Amino acid sequence: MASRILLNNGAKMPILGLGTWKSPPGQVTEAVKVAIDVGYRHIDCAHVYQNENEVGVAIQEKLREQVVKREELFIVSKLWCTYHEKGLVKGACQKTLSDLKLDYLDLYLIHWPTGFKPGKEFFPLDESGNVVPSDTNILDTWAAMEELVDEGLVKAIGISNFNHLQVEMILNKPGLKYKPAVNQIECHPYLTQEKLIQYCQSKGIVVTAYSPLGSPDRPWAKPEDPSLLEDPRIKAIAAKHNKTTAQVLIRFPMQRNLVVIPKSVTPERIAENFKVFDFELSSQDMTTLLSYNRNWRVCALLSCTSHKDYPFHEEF
Ligand SMILES: NC(=O)c1ccc[n+]([C@@H]2O[C@H](COP(=O)([O-])OP(=O)(O)OC[C@H]3O[C@@H](n4cnc5c(N)ncnc54)[C@H](OP(=O)(O)O)[C@@H]3O)[C@@H](O)[C@H]2O)c1
Ligand SMILES: O=C(O)COc1cc(Cl)ccc1C(=O)NCc1c(F)cc(I)cc1F
């Protein structure tokens, strides 16, 4: 299987990338350096992760060392919810570019479909704990994203955590100039996303699977939640293939024509997670993994559930 997938902007995107949410700022520079040294060419970032400066130090060092050329890297970031307004989008993108020490992003995503009140706080709340919306809509935010392409700041634009109706709304936008290249969504054997993936793929939108290992370090994990990495059924498939459970969990979305972005700051795991191009899951393995769906989400957030554009009320 090829290492990159063709996007609807004509550029190629590596199907395996390194995630950076929760990567501590004192560890992520080395994580990204190691990743690039062992073959990663795609890094998934976001302003809200609060570590783009440190990610950028690694990228810049590897560019300066001439380990890789800029054209060989595929750097992704995301516009946070408090920057959905027309007059804030460019500055938000530029702050990310400055922190990452880049002059363009390969892909810039609307992180969530919901706009929040601008200000210092990433999650502005009312006194009862509800997020405070902005009156921005996904269509006007999209137009602002299109401007970034036309200004040379980003090579591609896309969306993240958009449900099927929201994807449809973008595709049906009056005067749409650029289609979204990517929809980045949670996807793993407990949240298999058949409906939304089929819709996006049918429209030429590439899907990136986040939390492919079930995000065991998510800060709201409860001791009781289901655990992909410990599921004996998945362990059995891994054993059959002489691979680790994580390697199976990474290979799974790859064979569905998805991009996948496992996170690690552990050098041995960063390397392990990349060793997924020399084995194949059978069709029976794939269908068996799909059968584990339980509609379980890592990424949901009560404080945001009443926002008009919160994505997870719809079935898909
Ligand atoms: N667009 C969005 O809204 C959104 C939401 C969630 C995630 N994402 C992106 O997707 C990335 C991945 O998702 P995620 O961070 O939620 O979780 P994940 O990649 O599913 O899991 C990361 C966890 O798995 C551990 N791990 C990594 N490789 C392992 C291995 N080979 N064996 C055992 N454990 C391993 C990591 O530990 P160590 O790091 O300690 O090694 C970390 O605790 C994020 O970092 C972010 O870039 C985007
Ligand atoms: O959104 C991500 O990329 C990962 O999740 C988070 C990352 C940070 Cl730095 C802070 C918060 C979260 C988080 O709570 N994510 C879940 C979440 C939202 F942040 C925002 C919405 I709108 C819905 C939702 F489920």
Side-chain angles (χ1 to χ4, degrees), residues 19 21-22 44 78 81 109-114 130-131 138 158-171 180 182-203 205-238 245-263 281 283-316:
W21 173 40
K22 312 170 263 63
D44 183 77
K78 320 188 189 77
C81 300
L109 304 177
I110 304 180
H111 201 149
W112 291 84
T114 53
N130 308 297
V131 77
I138 60 177
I159 59 188
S160 185
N161 304 294
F162 280 46
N163 69 31
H164 97 277
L165 290 187
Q166 293 168 328
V167 178
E168 183 172 65
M169 187 163 314
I170 297 205
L171 294 176
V182 166
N183 190 13
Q184 178 181 130
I185 64 179
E186 187 175 338
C187 184
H188 48 68
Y190 299 156
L191 185 73
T192 50
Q193 298 270 30
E194 283 94 331
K195 295 182 82 97
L196 182 56
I197 288 169
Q198 172 64 16
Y199 178 71
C200 291
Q201 292 185 335
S202 81
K203 300 296 189 183
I205 301 168
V206 166
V207 174
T208 300
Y210 76 66
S211 305
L213 313 180
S215 197
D217 59 338
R218 66 201 181 280
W220 52 80
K222 297 177 95 176
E224 77 257 10
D225 296 342
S227 167
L228 288 164
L229 287 164
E230 295 176 316
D231 188 319
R233 304 169 295 179
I234 307 180
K235 294 172 154 179
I237 292 170
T245 70
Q247 289 169 327
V248 168
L249 291 168
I250 292 161
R251 183 71 193 187
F252 173 54
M254 295 166 66
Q255 291 187 209
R256 303 177 70 195
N257 205 36
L258 312 176
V259 176
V260 62
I261 52 170
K263 172 268 180 183
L281 297 168
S283 183
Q284 183 176 12
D285 289 332
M286 294 294 294
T287 294
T288 300
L289 288 160
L290 287 165
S291 82
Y292 302 154
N293 182 59
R294 61 181 308 262
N295 303 318
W296 178 74
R297 294 183 188 276
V298 165
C299 271
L301 189 62
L302 287 172
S303 65
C304 294
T305 55
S306 291
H307 191 294
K308 75 186 198 304
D309 300 319
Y310 187 80
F312 309 139
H313 300 314
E314 288 286 339
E315 179 199 4
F316 75 108

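All residue numbers refer to positions in the sequence shown, counting from 1.
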Trainee: Is the closest side-chain heavy-atom distance between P189 and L249 below 4.5 Å?
Mentor: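 Yes. Closest side-chain heavy atoms under 4.5 Å.
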Trainee: Between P180 and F162, is any pair of side-chain heavy atoms under 4.5 Å apart?
Mentor: no
Trainee: Rounded to the nearest 0.5 Å, what's the gap from CG on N163 to CD1 on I185? Could you check?
Mentor: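 One gets 10.5 Å once the value is rounded to the nearest 0.5 Å.
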Trainee: Can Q255 and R251 be counted as having a side-chain donor-acceptor contact under 3.5 angstrom?
Mentor: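 Present: a donor and an acceptor within the cut-off.
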Trainee: Any chance you could measure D285, atom CG, to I237, atom CD1, to the nearest 0.5 Å?
Mentor: 5.0 Å
Trainee: Nearest heavy-atom pair of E186 and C299: which atoms, and what distance?
Mentor: OE1-N, 2.9 Å
Trainee: Considering residues at least two apart in sequence or located in another chain, which fulfil the side-chain contact (heavy atoms from CB on, under 4.5 Å) criterion with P212?
Mentor: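 side-chain contact (heavy atoms from CB on, under 4.5 Å) check on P212 returns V260, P262.
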Trainee: Is a side-chain N or O of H313 found less than 3.5 angstrom from the main chain of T305, in a donor-acceptor match?
Mentor: yes
Trainee: Could you grab the distance from atom OG of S211 to atom CD1 of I261, nearest 0.5 Å is fine?
Mentor: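 Going from OG on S211 over to CD1 on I261, the span is 8.0 Å.
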Trainee: Does CD in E230 sit with more than 12 non-hydrogen atoms of other residues, nucleotides or ligands closer than 6.0 Å?
Mentor: no
Trainee: Is the backbone of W112 close enough, under 3.5 Å, to the side chain of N161 for a donor and an acceptor to pair up by distance?
Mentor: no
Trainee: May I ask you to decide if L301's main-chain N or O and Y310's side chain share a donor-acceptor pair within less than 3.5 Å?
Mentor: yes
Trainee: Can you tell me how far the OG atom of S160 sits from the CG atom of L109, to the nearest 0.5 Å?
Mentor: 5.5 Å
Trainee: Say you draw a straight line from CG of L191 to CG of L228; how long is it, rounded to the nearest 0.5 Å?
Mentor: 10.0 Å
Trainee: Side chains of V131 and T114, heavy atoms from C-beta outward: is any pair under 4.5 Å?
Mentor: no
Trainee: Begin from the C-alpha positions of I138 and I110 and carry the test side chain to side chain contact (heavy atoms under 4.5 Å, CB included) through to its verdict.
Mentor: CA-CA 9 Å; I138 60 177; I110 304 180; 5.6 Å; no
Trainee: So if I apply the side-chain hydrogen bond (donor to acceptor under 3.5 Å, both in side chains) rule between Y190 and each of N293, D231, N295, which one comes out positive?
Mentor: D231
Trainee: Flag the pair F252 / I234 as yes when at least one side-chain heavy-atom distance between them is below 4.5 Å, and no otherwise.
Mentor: no
Trainee: Between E314 and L165, what is the shortest heavy-atom contact and its length?
Mentor: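 Heavy-atom minimum between the residues: OE2-CD1, 3.3 Å.
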Trainee: Under 3.5 Å, is there a donor-acceptor pair between the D44 and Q184 side chains?
Mentor: yes
Trainee: Please indicate whether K203 has more than 12 foreign heavy atoms, meaning atoms of other residues, nucleotides or ligands, lying under 6.0 Å from its NZ.
Mentor: no
Trainee: What pair of heavy atoms forms the shortest contact from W21 to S215, and how long is it?
Mentor: CZ3-OG, 3.7 Å
Trainee: Between CG of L171 and OH of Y199, what distance do you get to the nearest 0.5 Å?
Mentor: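 Going from CG on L171 over to OH on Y199, the span is 5.0 Å.
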Trainee: Report yes or no: does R256 contribute a side-chain atom to a donor-acceptor pair with the main-chain N or O of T192 at less than 3.5 Å?
Mentor: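 Flag set: sc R256 to bb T192 pair under 3.5 Å.
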Trainee: Would you check if the side chain of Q166 reaches a backbone N or O of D309 as a donor-acceptor pair within less than 3.5 Å?
Mentor: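 Confirmed, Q166 side chain pairs with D309 backbone.
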Trainee: Would the distance check show the side chain of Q193 and the main-chain N or O of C187 forming a donor-acceptor pair, the cut-off being under 3.5 Å?
Mentor: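 No, the answer is negative, given that no donor and acceptor are paired below the 3.5 Å cut-off.
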Trainee: Where the side chain of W220 meets the backbone of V298, is there a donor-acceptor pair that is under 3.5 Å apart?
Mentor: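 Here the side-chain-to-backbone pair exists.
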Trainee: Specify the closest pair of heavy atoms between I250 and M254, including all atoms of both residues, with the distance to one decimal.
Mentor: O-CG, 3.3 Å
